$ cat run36.cif   # mmCIF, C-alpha atoms and all ligand atoms
data_structure
loop_
_atom_site.group_PDB
_atom_site.id
_atom_site.type_symbol
_atom_site.label_atom_id
_atom_site.label_comp_id
_atom_site.auth_asym_id
_atom_site.auth_seq_id
_atom_site.Cartn_x
_atom_site.Cartn_y
_atom_site.Cartn_z
ATOM 1 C CA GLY P 2 47.088 102.542 81.218
ATOM 2 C CA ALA P 3 48.228 104.785 83.052
ATOM 3 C CA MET P 4 51.897 105.090 84.061
ATOM 4 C CA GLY P 5 52.611 102.094 86.263
ATOM 5 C CA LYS P 6 55.602 101.489 88.560
ATOM 6 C CA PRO P 8 56.352 96.303 89.347
ATOM 7 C CA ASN P 9 57.393 94.347 92.453
ATOM 8 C CA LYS P 10 57.711 90.781 91.114
ATOM 9 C CA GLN P 11 59.890 92.139 88.378
ATOM 10 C CA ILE P 12 62.063 94.262 90.652
ATOM 11 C CA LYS P 13 62.569 91.046 92.650
ATOM 12 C CA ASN P 14 63.549 88.976 89.582
ATOM 13 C CA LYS P 15 66.215 91.388 88.358
ATOM 14 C CA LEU P 16 67.716 91.352 91.933
ATOM 15 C CA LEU P 17 67.612 87.552 92.003
ATOM 16 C CA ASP P 18 69.193 87.278 88.554
ATOM 17 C CA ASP P 19 71.804 89.901 89.451
ATOM 18 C CA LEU P 20 72.527 87.849 92.594
ATOM 19 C CA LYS P 21 72.815 84.490 90.911
ATOM 20 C CA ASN P 22 75.324 86.101 88.498
ATOM 21 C CA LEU P 23 77.485 87.753 91.172
ATOM 22 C CA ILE P 24 77.437 84.483 93.155
ATOM 23 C CA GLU P 25 78.495 82.486 90.066
ATOM 24 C CA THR P 26 81.281 84.813 89.196
ATOM 25 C CA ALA P 27 82.435 84.998 92.892
ATOM 26 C CA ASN P 28 82.524 81.228 92.908
ATOM 27 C CA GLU P 29 84.758 81.012 89.810
ATOM 28 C CA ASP P 30 87.084 83.435 91.579
ATOM 29 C CA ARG P 31 87.069 81.058 94.567
ATOM 30 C CA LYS P 32 87.720 77.979 92.427
ATOM 31 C CA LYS P 33 90.616 79.839 90.885
ATOM 32 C CA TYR P 34 92.314 80.737 94.221
ATOM 33 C CA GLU P 35 91.703 77.312 95.648
ATOM 34 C CA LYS P 36 93.424 75.879 92.572
ATOM 35 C CA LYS P 37 96.193 78.475 92.957
ATOM 36 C CA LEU P 38 96.883 76.968 96.395
ATOM 37 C CA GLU P 39 96.470 73.347 95.362
ATOM 38 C CA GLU P 40 99.014 73.933 92.535
ATOM 39 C CA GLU P 41 101.289 76.183 94.508
ATOM 40 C CA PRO P 42 104.982 75.798 93.459
ATOM 41 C CA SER P 43 107.655 75.086 96.041
ATOM 42 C CA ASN P 44 108.732 78.669 95.958
ATOM 43 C CA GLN P 45 105.122 79.895 96.442
ATOM 44 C CA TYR P 46 105.216 81.872 93.174
ATOM 45 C CA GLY P 47 108.273 83.626 94.501
ATOM 46 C CA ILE P 48 106.373 85.311 97.327
ATOM 47 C CA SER P 49 109.317 85.122 99.702
ATOM 48 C CA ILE P 50 107.665 87.497 102.144
ATOM 49 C CA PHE P 51 105.589 84.545 103.381
ATOM 50 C CA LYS P 52 108.813 83.197 104.891
ATOM 51 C CA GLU P 53 109.314 86.405 106.924
ATOM 52 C CA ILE P 54 105.819 86.538 108.498
ATOM 53 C CA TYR P 55 105.497 84.694 111.817
ATOM 54 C CA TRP P 56 102.368 83.725 113.742
ATOM 55 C CA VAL P 57 101.920 85.503 117.047
ATOM 56 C CA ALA P 58 104.213 83.635 119.424
ATOM 57 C CA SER P 59 105.781 81.196 117.128
ATOM 58 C CA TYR P 60 108.615 80.210 114.863
ATOM 59 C CA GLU P 61 106.040 79.006 112.379
ATOM 60 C CA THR P 62 105.825 81.144 109.236
ATOM 61 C CA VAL P 63 103.005 81.801 106.845
ATOM 62 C CA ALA P 64 105.140 79.849 104.363
ATOM 63 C CA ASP P 65 104.955 76.581 106.396
ATOM 64 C CA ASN P 66 102.880 73.552 105.694
ATOM 65 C CA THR P 67 100.134 73.932 108.338
ATOM 66 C CA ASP P 68 96.385 74.457 107.749
ATOM 67 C CA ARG P 69 96.426 77.951 109.153
ATOM 68 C CA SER P 70 99.456 78.825 107.000
ATOM 69 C CA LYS P 71 97.915 77.347 103.833
ATOM 70 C CA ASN P 72 94.701 79.324 104.429
ATOM 71 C CA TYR P 73 96.612 82.460 105.005
ATOM 72 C CA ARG P 74 98.314 82.005 101.651
ATOM 73 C CA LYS P 75 95.009 80.991 99.985
ATOM 74 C CA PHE P 76 93.248 84.120 101.256
ATOM 75 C CA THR P 77 96.253 86.100 100.040
ATOM 76 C CA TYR P 78 95.902 84.533 96.607
ATOM 77 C CA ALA P 79 92.194 85.488 96.633
ATOM 78 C CA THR P 80 93.278 89.134 96.888
ATOM 79 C CA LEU P 81 96.114 88.703 94.377
ATOM 80 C CA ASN P 82 93.988 86.515 92.150
ATOM 81 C CA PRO P 83 93.750 88.606 88.947
ATOM 82 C CA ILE P 84 97.464 89.376 88.749
ATOM 83 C CA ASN P 85 99.330 87.058 86.421
ATOM 84 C CA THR P 86 100.991 84.423 88.448
ATOM 85 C CA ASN P 87 104.355 85.262 86.891
ATOM 86 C CA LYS P 88 104.377 88.806 88.150
ATOM 87 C CA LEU P 89 103.976 87.811 91.845
ATOM 88 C CA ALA P 90 107.767 87.584 92.402
ATOM 89 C CA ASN P 91 108.174 91.121 91.137
ATOM 90 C CA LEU P 92 105.305 92.193 93.389
ATOM 91 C CA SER P 93 106.996 90.469 96.277
ATOM 92 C CA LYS P 94 110.325 92.123 95.554
ATOM 93 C CA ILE P 95 108.676 95.464 95.632
ATOM 94 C CA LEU P 96 106.813 94.787 98.953
ATOM 95 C CA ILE P 97 109.948 93.561 100.725
ATOM 96 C CA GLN P 98 110.684 97.304 101.035
ATOM 97 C CA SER P 99 107.380 97.954 102.806
ATOM 98 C CA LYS P 100 107.713 99.150 106.332
ATOM 99 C CA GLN P 101 104.339 97.415 107.028
ATOM 100 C CA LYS P 102 104.578 94.157 105.232
ATOM 101 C CA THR P 103 103.257 92.095 108.156
ATOM 102 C CA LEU P 104 100.227 94.379 108.367
ATOM 103 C CA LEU P 105 99.873 94.714 104.614
ATOM 104 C CA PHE P 106 99.958 90.939 104.095
ATOM 105 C CA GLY P 107 97.473 90.674 106.952
ATOM 106 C CA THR P 108 95.026 92.862 105.079
ATOM 107 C CA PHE P 109 95.533 90.734 101.962
ATOM 108 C CA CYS P 110 94.610 87.735 104.025
ATOM 109 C CA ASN P 111 91.676 89.441 105.690
ATOM 110 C CA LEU P 112 90.239 90.627 102.438
ATOM 111 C CA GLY P 113 90.502 87.162 100.900
ATOM 112 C CA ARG P 114 88.954 85.536 103.960
ATOM 113 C CA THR P 115 86.068 88.008 104.150
ATOM 114 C CA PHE P 116 85.380 87.349 100.521
ATOM 115 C CA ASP P 117 85.632 83.595 100.926
ATOM 116 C CA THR P 118 83.320 83.619 103.926
ATOM 117 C CA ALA P 119 80.710 85.585 101.871
ATOM 118 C CA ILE P 120 80.726 83.241 98.815
ATOM 119 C CA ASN P 121 80.910 80.201 101.053
ATOM 120 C CA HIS P 122 77.787 81.362 102.777
ATOM 121 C CA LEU P 123 75.931 82.308 99.615
ATOM 122 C CA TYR P 124 76.912 79.682 97.011
ATOM 123 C CA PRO P 125 74.767 76.864 98.439
ATOM 124 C CA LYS P 126 71.781 79.204 98.761
ATOM 125 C CA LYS P 127 71.856 80.485 95.211
ATOM 126 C CA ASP P 128 68.295 79.162 94.625
ATOM 127 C CA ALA P 129 66.915 79.881 98.047
ATOM 128 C CA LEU P 130 67.321 83.645 97.837
ATOM 129 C CA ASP P 131 63.690 84.242 96.817
ATOM 130 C CA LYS P 132 62.912 83.508 100.449
ATOM 131 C CA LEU P 133 64.236 86.960 101.395
ATOM 132 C CA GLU P 134 62.141 90.022 102.042
ATOM 133 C CA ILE P 135 62.671 92.102 98.823
ATOM 134 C CA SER P 136 64.213 94.925 100.767
ATOM 135 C CA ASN P 137 67.005 93.015 102.334
ATOM 136 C CA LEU P 138 67.396 91.146 99.059
ATOM 137 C CA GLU P 139 68.414 94.548 97.716
ATOM 138 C CA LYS P 140 70.636 95.158 100.647
ATOM 139 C CA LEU P 141 72.162 91.716 100.111
ATOM 140 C CA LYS P 142 72.713 92.300 96.391
ATOM 141 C CA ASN P 143 74.304 95.730 97.039
ATOM 142 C CA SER P 144 76.518 94.559 99.844
ATOM 143 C CA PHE P 145 77.774 91.549 97.882
ATOM 144 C CA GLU P 146 78.318 93.574 94.678
ATOM 145 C CA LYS P 147 80.181 96.160 96.755
ATOM 146 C CA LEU P 148 82.287 93.466 98.400
ATOM 147 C CA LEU P 149 83.387 92.023 94.998
ATOM 148 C CA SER P 150 84.099 95.563 93.881
ATOM 149 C CA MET P 151 86.356 96.201 96.944
ATOM 150 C CA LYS P 152 88.396 93.140 96.190
ATOM 151 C CA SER P 153 88.791 94.137 92.508
ATOM 152 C CA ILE P 154 89.949 97.646 93.419
ATOM 153 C CA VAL P 155 92.619 96.240 95.639
ATOM 154 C CA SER P 156 93.841 93.762 92.961
ATOM 155 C CA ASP P 157 93.905 96.790 90.518
ATOM 156 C CA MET P 158 95.934 98.838 92.983
ATOM 157 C CA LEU P 159 98.528 96.067 93.337
ATOM 158 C CA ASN P 160 98.733 95.534 89.623
ATOM 159 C CA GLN P 161 99.136 99.258 89.203
ATOM 160 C CA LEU P 162 101.961 99.305 91.733
ATOM 161 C CA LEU P 163 103.891 96.954 89.341
ATOM 162 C CA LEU P 164 103.415 99.308 86.420
ATOM 163 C CA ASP P 165 104.246 102.449 88.365
ATOM 164 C CA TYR P 166 107.456 100.883 89.675
ATOM 165 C CA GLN P 167 108.218 99.726 86.167
ATOM 166 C CA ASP P 168 107.829 103.263 84.881
ATOM 167 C CA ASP P 169 109.427 104.967 87.891
ATOM 168 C CA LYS P 170 106.189 106.864 88.495
ATOM 169 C CA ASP P 171 107.023 109.559 91.191
ATOM 170 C CA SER P 172 110.675 108.285 91.411
ATOM 171 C CA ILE P 173 109.595 105.144 93.299
ATOM 172 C CA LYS P 174 112.020 103.005 91.412
ATOM 173 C CA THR P 175 115.118 105.188 91.925
ATOM 174 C CA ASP P 176 114.433 106.817 95.316
ATOM 175 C CA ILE P 177 113.821 104.280 98.052
ATOM 176 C CA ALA P 178 112.396 106.893 100.405
ATOM 177 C CA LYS P 179 109.619 107.652 97.936
ATOM 178 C CA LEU P 180 108.853 104.021 97.373
ATOM 179 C CA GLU P 181 108.486 103.611 101.109
ATOM 180 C CA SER P 182 106.094 106.403 101.607
ATOM 181 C CA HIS P 183 104.182 105.255 98.482
ATOM 182 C CA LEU P 184 103.942 101.740 99.947
ATOM 183 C CA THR P 185 102.820 103.265 103.221
ATOM 184 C CA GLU P 186 99.979 105.182 101.563
ATOM 185 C CA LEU P 187 98.997 102.068 99.680
ATOM 186 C CA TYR P 188 98.775 100.123 102.920
ATOM 187 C CA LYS P 189 96.446 102.727 104.424
ATOM 188 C CA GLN P 190 94.210 102.551 101.442
ATOM 189 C CA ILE P 191 94.116 98.801 101.364
ATOM 190 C CA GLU P 192 93.470 98.607 105.076
ATOM 191 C CA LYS P 193 90.505 100.830 104.659
ATOM 192 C CA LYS P 194 88.980 98.645 101.872
ATOM 193 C CA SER P 195 89.581 95.732 104.139
ATOM 194 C CA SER P 196 87.581 97.302 107.033
ATOM 195 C CA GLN P 197 84.879 98.156 104.630
ATOM 196 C CA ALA P 198 84.925 94.549 103.440
ATOM 197 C CA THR P 199 84.322 93.208 106.966
ATOM 198 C CA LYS P 200 81.337 95.512 107.280
ATOM 199 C CA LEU P 201 79.853 94.331 104.060
ATOM 200 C CA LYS P 202 80.449 90.741 104.891
ATOM 201 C CA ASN P 203 78.599 91.141 108.185
ATOM 202 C CA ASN P 204 75.810 92.898 106.488
ATOM 203 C CA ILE P 205 75.479 89.996 104.122
ATOM 204 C CA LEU P 206 75.589 87.393 106.899
ATOM 205 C CA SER P 207 73.196 89.200 109.223
ATOM 206 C CA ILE P 208 70.328 89.265 106.672
ATOM 207 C CA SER P 209 70.760 85.975 104.819
ATOM 208 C CA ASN P 210 70.263 83.381 107.497
ATOM 209 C CA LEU P 211 69.071 80.732 105.157
HETATM 210 S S1 LIG P 301 93.280 86.471 107.155
HETATM 211 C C1 LIG P 301 92.621 85.683 108.665
HETATM 212 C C2 LIG P 301 93.455 85.399 109.932
HETATM 213 N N1 LIG P 301 94.647 86.180 110.195
HETATM 214 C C3 LIG P 301 94.833 87.398 109.693
HETATM 215 O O1 LIG P 301 94.173 87.853 108.753
HETATM 216 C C4 LIG P 301 95.827 88.272 110.437
HETATM 217 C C5 LIG P 301 97.207 88.126 109.822
HETATM 218 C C6 LIG P 301 98.296 88.992 110.479
HETATM 219 N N2 LIG P 301 97.709 90.069 111.266
HETATM 220 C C7 LIG P 301 99.293 89.564 109.484
HETATM 221 O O2 LIG P 301 100.034 88.848 108.763
HETATM 222 O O3 LIG P 301 99.348 90.812 109.422
HETATM 223 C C8 LIG P 301 93.784 83.938 109.971
HETATM 224 O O4 LIG P 301 94.783 83.560 109.384
HETATM 225 N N3 LIG P 301 92.961 83.164 110.700
HETATM 226 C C9 LIG P 301 93.223 81.762 111.034
HETATM 227 C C10 LIG P 301 93.386 81.508 112.532
HETATM 228 O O5 LIG P 301 93.803 80.375 112.903
HETATM 229 O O6 LIG P 301 93.107 82.443 113.333
#
$ encode --input "run36.cif" --output "structure tokens"
Amino acid sequence: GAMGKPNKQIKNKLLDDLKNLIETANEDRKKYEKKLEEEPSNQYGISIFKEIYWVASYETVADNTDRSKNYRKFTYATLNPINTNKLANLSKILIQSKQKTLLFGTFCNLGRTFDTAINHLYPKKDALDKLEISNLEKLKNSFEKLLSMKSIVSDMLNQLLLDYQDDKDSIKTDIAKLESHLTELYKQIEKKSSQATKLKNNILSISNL
């Protein structure tokens, strides 16, 4: 009979959902790691890296230092889905950002938050059955939401290319409108980035395996 609810099954769908998000996150990671390993001398034409200095330093985010290579890697994590040959156009647009140091900082932060999450979870992708079912669900939701945040930001940056292309809202022919459009875009991205930190901490706090 007689209209039943089942736990072991609810758990299995969450586990399978998790092993799939983790696998797909990991491919994303292998792709941005490769994007750094195979970085051209001109860094895909992202010339903005050469104008972003570490806090009390002449060293740029372009330089050949571990911290500078990670910065660029975490940036590539955020720019990962955009075709590598459009990055120079994206860069040329962002040069006109009033906040490019902050904007590139959120790129990096997003990529790093993501990388920290998949780095934590990847090795545990068969130990997740150890979790209480309820924070398995919280884990699954937080991680799915975190991947989603990163996608939305890559979509927004890809959309900026097309809107510039098409002069959406005069951004291509009126520099003042581009600037305030880039400013709004920074606010939005910064927000996703804060949200991403939260989610990452959620994930870490309840998956101490
Ligand atoms: S992405 C992680 C760390 N830095 C940043 O995200 C801030 C970048 C700037 N605020 C900016 O360009 O706007 C990072 O690189 N950590 C490594 C370290 O050595 O601290």
$ closest_residue --input "run36.cif" --among "P:35, P:139, P:18, P:53" --to "ligand LIG 301 (chain P)" --atoms "only C-alpha atoms and all ligand atoms"
P:53
$ residues_near_point --input "run36.cif" --point "(61.5, 92.6, 91.9)" --cutoff "12 Å" --atoms "all atoms listed in the file" --output "short mmCIF file (atom, residue, chain, number, x, y, z; two decimals) with C-alpha atoms, keeping the file's coordinate frame"
data_model
loop_
_atom_site.label_atom_id
_atom_site.label_comp_id
_atom_site.auth_asym_id
_atom_site.auth_seq_id
_atom_site.Cartn_x
_atom_site.Cartn_y
_atom_site.Cartn_z
CA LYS P 6 55.60 101.49 88.56
CA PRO P 8 56.35 96.30 89.35
CA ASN P 9 57.39 94.35 92.45
CA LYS P 10 57.71 90.78 91.11
CA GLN P 11 59.89 92.14 88.38
CA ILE P 12 62.06 94.26 90.65
CA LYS P 13 62.57 91.05 92.65
CA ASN P 14 63.55 88.98 89.58
CA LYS P 15 66.22 91.39 88.36
CA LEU P 16 67.72 91.35 91.93
CA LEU P 17 67.61 87.55 92.00
CA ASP P 18 69.19 87.28 88.55
CA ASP P 19 71.80 89.90 89.45
CA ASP P 131 63.69 84.24 96.82
CA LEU P 133 64.24 86.96 101.40
CA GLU P 134 62.14 90.02 102.04
CA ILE P 135 62.67 92.10 98.82
CA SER P 136 64.21 94.92 100.77
CA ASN P 137 67.00 93.02 102.33
CA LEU P 138 67.40 91.15 99.06
CA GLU P 139 68.41 94.55 97.72
#
$ resolve_selection --input "run36.cif" --expression "the PyMOL selection byres (((chain P and resi 207-210) around 8) and not hetatm)" --output "ChimeraX atom specification"
/P:133,137,141,203-206,211
$ closest_atom_pairs --input "run36.cif" --of "region 11-127 of chain P" --to "region 174-187 of chain P" --cutoff "10 Å" --atoms "all atoms listed in the file" --output "JSON lines"
{"residue": "P:95", "atom": "CA", "partner": "P:180", "partner_atom": "CA", "distance": 8.7}
{"residue": "P:96", "atom": "CA", "partner": "P:184", "partner_atom": "CA", "distance": 7.6}
{"residue": "P:98", "atom": "CA", "partner": "P:181", "partner_atom": "CA", "distance": 6.7}
{"residue": "P:99", "atom": "CA", "partner": "P:184", "partner_atom": "CA", "distance": 5.9}
{"residue": "P:100", "atom": "CA", "partner": "P:181", "partner_atom": "CA", "distance": 6.9}
{"residue": "P:101", "atom": "CA", "partner": "P:185", "partner_atom": "CA", "distance": 7.1}
{"residue": "P:102", "atom": "CA", "partner": "P:184", "partner_atom": "CA", "distance": 9.3}
{"residue": "P:105", "atom": "CA", "partner": "P:187", "partner_atom": "CA", "distance": 8.9}
$ closest_residue --input "run36.cif" --among "P:160, P:115, P:172, P:199" --to "ligand LIG 301 (chain P)" --atoms "all atoms listed in the file"
P:115
$ closest_residue --input "run36.cif" --among "P:46, P:51, P:106, P:78" --to "ligand LIG 301 (chain P)" --atoms "all atoms listed in the file"
P:106
$ atom_distance --input "run36.cif" --atom1 "CA of residue 83 (chain P)" --atom2 "CA of residue 163 (chain P)"
13.1 Å
$ resolve_selection --input "run36.cif" --expression "the PyMOL selection byres (((chain P and resi 108) around 9) and not hetatm)" --output "list in words"
residues 77, 103, 104, 105, 106, 107, 109, 110, 111, 112, 113, 188, 191, 192, 194, 195 and 196 of chain P
$ decode --input "run36.cif" --residues "region 101-128 of chain P" --atoms "C-alpha atoms" --output "mmCIF file, in the first residue's frame"
data_model
loop_
_atom_site.group_PDB
_atom_site.id
_atom_site.type_symbol
_atom_site.label_atom_id
_atom_site.label_comp_id
_atom_site.auth_asym_id
_atom_site.auth_seq_id
_atom_site.Cartn_x
_atom_site.Cartn_y
_atom_site.Cartn_z
ATOM 1 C CA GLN P 101 36.999 49.724 -11.345
ATOM 2 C CA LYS P 102 39.200 47.345 -13.186
ATOM 3 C CA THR P 103 41.421 46.589 -10.179
ATOM 4 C CA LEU P 104 38.329 45.741 -8.139
ATOM 5 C CA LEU P 105 36.577 44.000 -11.007
ATOM 6 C CA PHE P 106 39.600 41.799 -11.745
ATOM 7 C CA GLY P 107 39.807 41.146 -8.012
ATOM 8 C CA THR P 108 36.300 39.738 -8.024
ATOM 9 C CA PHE P 109 37.197 37.571 -11.024
ATOM 10 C CA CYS P 110 40.064 36.214 -9.015
ATOM 11 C CA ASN P 111 38.010 35.769 -5.873
ATOM 12 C CA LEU P 112 35.273 33.933 -7.659
ATOM 13 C CA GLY P 113 37.750 31.573 -9.315
ATOM 14 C CA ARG P 114 39.558 30.950 -6.037
ATOM 15 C CA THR P 115 36.360 30.296 -4.083
ATOM 16 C CA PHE P 116 35.350 27.837 -6.729
ATOM 17 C CA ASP P 117 38.750 26.178 -6.800
ATOM 18 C CA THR P 118 38.837 25.867 -3.027
ATOM 19 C CA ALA P 119 35.384 24.143 -3.111
ATOM 20 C CA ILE P 120 36.281 21.535 -5.801
ATOM 21 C CA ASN P 121 39.701 21.026 -4.274
ATOM 22 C CA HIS P 122 38.048 20.179 -1.014
ATOM 23 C CA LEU P 123 35.372 17.954 -2.507
ATOM 24 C CA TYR P 124 37.063 16.086 -5.387
ATOM 25 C CA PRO P 125 39.052 13.668 -3.199
ATOM 26 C CA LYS P 126 35.969 12.931 -1.089
ATOM 27 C CA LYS P 127 33.671 12.097 -3.966
ATOM 28 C CA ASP P 128 33.110 8.573 -2.535
#
